[PDB]
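Here's the structure, in structure tokens; my notes come after.
All Cβ positions, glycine included, derive from the backbone under ideal geometry; neighbour counts span all protein chains shown. The numbers here are math on the coordinates, done by the rules we state, and not lab data.
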Protein chains: 4
Amino acid sequence: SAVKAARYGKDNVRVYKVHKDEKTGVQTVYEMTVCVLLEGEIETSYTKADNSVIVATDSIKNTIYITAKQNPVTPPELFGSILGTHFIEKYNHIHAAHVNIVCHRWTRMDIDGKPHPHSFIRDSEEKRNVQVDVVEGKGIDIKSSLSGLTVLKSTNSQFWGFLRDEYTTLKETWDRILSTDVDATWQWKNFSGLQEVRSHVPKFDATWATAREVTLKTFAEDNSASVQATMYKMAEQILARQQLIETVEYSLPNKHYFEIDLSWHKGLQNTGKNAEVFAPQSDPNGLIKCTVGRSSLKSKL
Amino acid sequence: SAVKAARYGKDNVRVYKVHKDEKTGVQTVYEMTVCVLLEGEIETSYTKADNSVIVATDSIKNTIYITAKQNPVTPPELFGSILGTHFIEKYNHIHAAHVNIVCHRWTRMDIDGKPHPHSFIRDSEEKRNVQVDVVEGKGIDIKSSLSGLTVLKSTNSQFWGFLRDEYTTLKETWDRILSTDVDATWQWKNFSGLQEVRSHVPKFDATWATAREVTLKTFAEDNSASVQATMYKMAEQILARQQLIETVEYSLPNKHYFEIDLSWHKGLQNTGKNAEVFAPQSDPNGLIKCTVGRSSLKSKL
Amino acid sequence: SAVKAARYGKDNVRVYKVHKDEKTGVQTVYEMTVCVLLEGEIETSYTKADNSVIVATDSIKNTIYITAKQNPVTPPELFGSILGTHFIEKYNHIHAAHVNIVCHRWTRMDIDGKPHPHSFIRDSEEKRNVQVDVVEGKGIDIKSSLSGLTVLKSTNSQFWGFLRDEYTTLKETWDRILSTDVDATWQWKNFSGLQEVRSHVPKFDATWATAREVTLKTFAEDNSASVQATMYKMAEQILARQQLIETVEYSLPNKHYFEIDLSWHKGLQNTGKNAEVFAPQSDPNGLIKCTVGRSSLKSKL
Amino acid sequence: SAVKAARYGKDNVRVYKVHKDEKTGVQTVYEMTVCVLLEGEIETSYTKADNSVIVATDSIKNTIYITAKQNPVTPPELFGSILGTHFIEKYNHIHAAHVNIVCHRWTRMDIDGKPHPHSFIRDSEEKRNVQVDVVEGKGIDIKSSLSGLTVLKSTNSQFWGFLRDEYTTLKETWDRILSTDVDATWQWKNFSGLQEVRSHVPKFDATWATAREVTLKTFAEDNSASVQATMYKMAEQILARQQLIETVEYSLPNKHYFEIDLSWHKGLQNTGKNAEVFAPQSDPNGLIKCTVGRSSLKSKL
Ligand SMILES: CN1C(=O)N[C@@]2(OO)C(=O)NC(=O)N=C12
Ligand SMILES: CN1C(=O)N[C@@]2(OO)C(=O)NC(=O)N=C12
Ligand SMILES: CN1C(=O)N[C@@]2(OO)C(=O)NC(=O)N=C12
Ligand SMILES: CN1C(=O)N[C@@]2(OO)C(=O)NC(=O)N=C12
């Protein structure tokens, strides 16, 4: 046998950081969950009981906290790039660092209509994430995402004109509920190293905000022909607004809300135009995915 | 043997309802999870295989949807009271109905600074709940609550002066993080029946809003001596603001954030005044409870 | 205002203990999650910022580990009684200790047909639990339980003869699937203190084993008229086999498996006698409860 | 813009099937959760609101149940291959089907030492899974796995000789607890189509059993130098026992159990040789991965 692939590290590292402005009194908090997995000349730890090549996962954990103490933790694209760069530079034999960060929401409270200097609310389980792959000799590959953004619209969703054959029972509809949990990812141009990442720092928060704004407005305003059609519109708009993105990926469950025929009980009318009470379905669910990039077709368009 | 207690019914009934204003176009959505458990002269279903006394749980489910079609689902205190009253009135042999409702958030989206007529966001996993116990001959007992309201303050929390003995390692502190998931319950005066519940309908939304406002403002503004002291202040204020409440209960985890001594690494200072990076602890957690009512002591106060 | 009820302590305390037989080499492991909440003369911690009355939850945590080091952790009824007794004896002003223990399975592996001396498998998420309430001047109240015991039978379950009215759609059946997650609790006679608990120690493991055996055999062998009828049979048998139990409680979800009519597709027959493929329903679910004790009726039986 | 990748289908489809031997009375149950995602000439559903190319996810769901009615559901490698083949053959424009199956345990109960004909227990949350990718013109790629197999050994695990630098605090150890949740995957040689899959059917259950046996015996018997070294031994043995496997992947968390120094309390000794009570750590956790294949090095070995 031989090792074809290997990576190892510390997962589920919870990290909080506070910033205190001593002049104003305003405090700002950041909370995340971090995973760092390393690759390199480590195969003998597996094949030969050679622990000399292992940077202990406990040490990786220590390193995450030390790096958070010595550097900004925001934007997460930057923090992940710093962290990943550290491992490949510090250790000659480590040649890739794979850093995943999940950022948790701590939104400043408004009390009596004024932002409070040191109190926060988890206003959504929506996350902001990064995946930062730092590969020695091949720069820094970053995928940014938002996830867990749960939305519903009560009309202006349709689904008709789909293929009908002997496996089909679904009724066409011109007016349904649409609900999903948005997972949207934007993949950056490869960066050559930490300097190039730093050179684009403002773009990270700005692009996250654009992606979220586009998602919400397109969901709310598109009289939707399908999940497929709506999600494509989101992606094409995000690409148009940030040239340093190469692709946008959406992964969207179709969280079905079924009508309930109550006509068996006193002729109650609760379907079609009279549908008011619905049964949310926990499972199963449609799952619709696509990755959108910029076009390069010049003929047969 | 004999049956000392019995109740049965349908749990985990997911319910959506929409309201459509055909004049304005504005739609409003409600989503909940409902449980109804019945008591009564049902013991022979257990002892004698006598199914004649069983209102099938499937029928209970149907009844939940029919009741939602025929009645408002808001405030949940009202809906639960209607639902529970139905079972004890419809079925001579059923003498109590226990209705639990968890209300899920669907907050209207603002798009380009304007409220959207039919698009919504799950802006928090915080819930609004009721427990409505309709007991034939003894009226309607309602407990209302908010739960899953997750908050953090980064300073203005203290914990010193606690008992110290041979089991104690904890350091006193004059400046710590405080974070919790708020579960707050207000218990109403017994209502004689559905008419009395209906007579107080506006008070339900108003008292929920008061409880939430008091919780947030007291958490944010109290320079806290302990979880115990802070939560008591919340409860006493809610009681002062609604005379139809008899008691207020809080159940609060103390979600610990530990300092990380980094002085072993290059003399880094990350404790006390220089603490910036902390380790959120998933477990264990303090758990602090109290039920507060109005005083009746006239001496030794 | 005044404090009507209060309790506080440490929840979610994970504990492992190993026993090593140095003669034989056999090691045995125990893992649990512990909660201890205290009551007593603590109201001024809430009303007056008086922390002097607080045994810190951090100290409660330390105490759990020290007690596990100094005492057996099995049976959990005993460990909980020791732990709870400690708090009311050590602290004059603490008058009740409420100890909840969840015991996790670590079953010894058999390797090549021989029990291994120090390797274990989590063979089920089923738990064995206790609730031990140590109340000064009123002894020790113990409720023992098994939970998370998930079972299914594919036939020999029926449900017919239930009430039928204008809310009823359910078809009677003489042959269905029955599946549940068993939560079964046996409530012991009050014990006067720790000596009386110790005097009955062998009965704890023996009664847990009886309850589990009765549950499984009655589920498997009863041609069930209903969940209600089957669960009552379980309870009556457990009571007959341990006179120091006062009551047995079951709480059983009815985890529905629906037939799927496929006759619309090529006349496929998948209902009634030809039902082979079913749709497990995640929600909603029936929920059936009862508490059974010994009879005291002497007339009208 | 243009669609660079797309797939869509139905996720979280719960499926039960029973087999009834009418001669013997013995019934056998199977339960799974199925996901099917399709690829093909579907881009216009995203770009042009062209629903004609969509096989509705509701129809995919129907198809899963019809296929389970008409075919064996075991081994899951076979069922997934049948299912996936159906979509690419039935629909000219669909060119790949990606079928994921999670198989749930329903182990036959033994009652009074005899296997019961129709009663089952969920004896573990361990799963048996498949990922079957049916790609038109490129055969059938199958990855089989076991997951959720949670184990612990109380000694015969070590971790010393790892890299030590200014980021390292971890103490070397010659005797520790090792616990993990095993996720093990074996990747089959590409199959040309359904006939070739069928030709190897007995190998699927046999290889799953081998992988599980090797995992448990190697975990129990290896005096482990590291997670890395132990997991490599597992993989190399599985490869040696099934030549139709190309690679074996393990993904193993290191679920840490920390010693608790109690020497501050009455000089209690609970570390090193006297360690009995430990604190299981929920997070963070090491995470150790490798993919092992057969060697092709002929020099510098
Ligand atoms: C109702 N429905 C389907 O049955 N398939 C679809 O995804 O779930 C699909 O492909 N797209 C939808 O928008 N709606 C759907
Ligand atoms: C740090 N700490 C404790 O150790 N006990 C306490 O609850 O968790 C307590 O009783 N009250 C607190 O506010 N803080 C605590
Ligand atoms: C199918 N079914 C019901 O509709 N009600 C019941 O509980 O879920 C009930 O009361 N008892 C059952 O055993 N089966 C049921
Ligand atoms: C204690 N410990 C580490 O700190 N790193 C390791 O994974 O978690 C590692 O690389 N391998 C281990 O077996 N044990 C470890």
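Which whole number in µm²/s is D for segment B:158-283 by Stokes-Einstein, with the Kirkwood Rh taken over Cα pairs at 37 °C and 0.692 mPa s?
186
Across segment A:2-147, how large is the tail of the calculated P(r) beyond 27 Å, expressed as a percent of all Cα pairs?
Tail of the P(r) past 27 Å holds 31 percent of the pairs.
Explain nothing, just compute: Karplus ³J(HN,Hα) = 6.51 cos²θ - 1.76 cosθ + 1.60, θ = phi - 60°, for every residue of segment D:182-190 in order, whole Hz, x for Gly and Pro.
Ordered by residue, 3J(HN,Hα) equals 7, 10, 10, 10, 10, 9, 6, 3, 3 Hz.
How well do other chains shield peptide D:123-130, expressed as the mean number of their Cβ atoms within 10 Å of each residue Cβ?
Going residue by residue through D:123-130 and averaging, the value is 3.
Could you give the angle, 0 to 90 degrees to the nearest 10, between helix A:227-241's Cα long axis and the longest principal axis of the Cα atoms of chain A?
Its long axis makes an angle of about 40 degrees.
Quick one: with label points 7 Å out along Cα→Cβ, list the inter-copy distances for D:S52 in nm, shortest first?
Result, one decimal in nm: 6.3, 6.8, 8.6.
So what does the Cα-only Debye profile of segment D:217-301 read at q = 0.15 Å⁻¹, as log10 I(q)/I(0), no solvent term?
Debye curve over Cα of segment D:217-301, log10 I(q)/I(0) at q = 0.15 Å⁻¹: -0.74.
Note the distances from A:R294 to each other copy's matching label point, with points 7 Å along the Cα-to-beta-carbon direction, in nm, sorted shortest first.
Label point to label point, same position, other copies: 4.7, 7.0, 8.4 nm.
Taking only Cα atoms, what is the 0 to 90° angle, nearest 10, from helix D:76-90's long axis to the longest principal axis of chain D?
Roughly 30 degrees between the two axes.
Please give the average number of partner chain Cβ atoms lying within 10 Å of the Cβ of each residue in C:264-270, rounded to a whole number.
The per-residue average across the peptide is 4.
Can you list the HN-Hα couplings for segment D:285-299, worked out from phi with the Karplus curve (6.51, -1.76, 1.60; θ = phi - 60°), rounded to whole Hz and with x for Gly and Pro?
With the stated coefficients, segment D:285-299 comes to 9, x, 9, 10, 10, 7, 10, 10, x, 8, 6, 9, 6, 10, 10 Hz.
Peptide A:224-237: average number of partner chain Cβ atoms within 10 Å per residue?
Per residue, the number of nearby Cβ atoms from other chains is 5 on average.
To the nearest 10 degrees, how steep is helix A:57-70 against the longest Cα principal axis of chain A, on a 0 to 90 scale?
The two axes meet at around 90 degrees.
Considering the rotation that carries chain C onto chain A, locate the chain C residue whose Cβ comes closest to its axis and report the distance in whole Å.
Output: C:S282, 2.
Based only on the alpha carbon positions, what is the Kirkwood hydrodynamic radius of segment B:143-188, in angstrom?
The Cα-based Kirkwood calculation yields 13.2 Å.
Can you pull the one-decimal nm distance between simple spin-label points at B:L163 and D:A2, each 7 Å off the Cα toward Cβ?
7.5
Provide the per-residue ³J(HN,Hα) series for segment B:256-268, in order, calculated from phi with Karplus coefficients 6.51, -1.76, 1.60 and θ = phi - 60°, each as a whole number of Hz, with x at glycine and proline positions.
Ordered by residue, 3J(HN,Hα) equals 6, 10, 8, 5, 10, 6, 10, 5, 5, 10, 6, x, 4 Hz.
Would you mind checking which residues have amide H under 5 Å from C:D50's amide H? H placed 1.01 Å from N; only 5 or more apart, or other chain.
Amide H neighbours of C:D50, under 5 Å, 5+ apart: C:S45.
How big is the protein assembly as shown on each of its three principal axes, counting only the C-alpha atoms and giving the largest first in Å?
87, 75, 69
Please work out, to two decimal places, the log10 of the ratio I(q)/I(0) at q = 0.27 Å⁻¹ from a Debye calculation in which every Cα of segment B:168-216 carries one identical scatterer.
-1.08
Amide H neighbours of D:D283 under 5 Å, at least 5 residues apart or on other chains, H built in the peptide plane: list them.
Amide H to amide H, under 5 Å and 5 or more residues apart or across chains, D:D283 pairs with nothing.
Using modelled amide H (1.01 Å from N, peptide plane; none on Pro or chain starts), what sits under 5 Å from the amide H of D:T173, excluding residues fewer than 5 places away?
Close amide H contacts, sequence-distant or interchain: D:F159, D:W160.
Name the shape class, rounded, prolate or oblate, that the alpha-carbon gyration tensor gives for segment C:94-167, where a ≥ b ≥ c are the square roots of its eigenvalues, rounded holds for a/c under 1.5, and otherwise prolate holds if a/b is larger than b/c and oblate otherwise.
In terms of gyration-tensor shape, oblate.
Here is the link list: B:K171/C:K48; B:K289/C:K127; B:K61/B:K203. Which ones come out longer than 23 Å on Cα distance?
Beyond 23 Å between Cα atoms: B:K289/C:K127; B:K61/B:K203.
So what's the net charge close to B:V26: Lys and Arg +1, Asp and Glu -1, counting the other residues with Cβ under 14 Å from its Cβ?
Once all neighbours under 14 Å are counted, the net charge is +2.
Below 8 Å between Cα atoms, with a sequence gap of 6+, how large is the relative contact order for chain B in percent?
Relative contact order for chain B comes out at 12 percent.
Would you mind listing the distances between the D:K266 label point and the same position in each other copy? Use 7 Å along Cα-to-C-beta, nm, one decimal, shortest first.
4.5, 6.9, 7.4
Order these peptides, B:172-183, A:244-255, by their mean beta-carbon neighbour count within 10 angstrom, highest first.
In descending order of packing, they fall as A:244-255, B:172-183.
Mean shadow of segment C:2-301, computed from the convex hull of its alpha carbons, in nm²?
Value for segment C:2-301: 24.6 nm².
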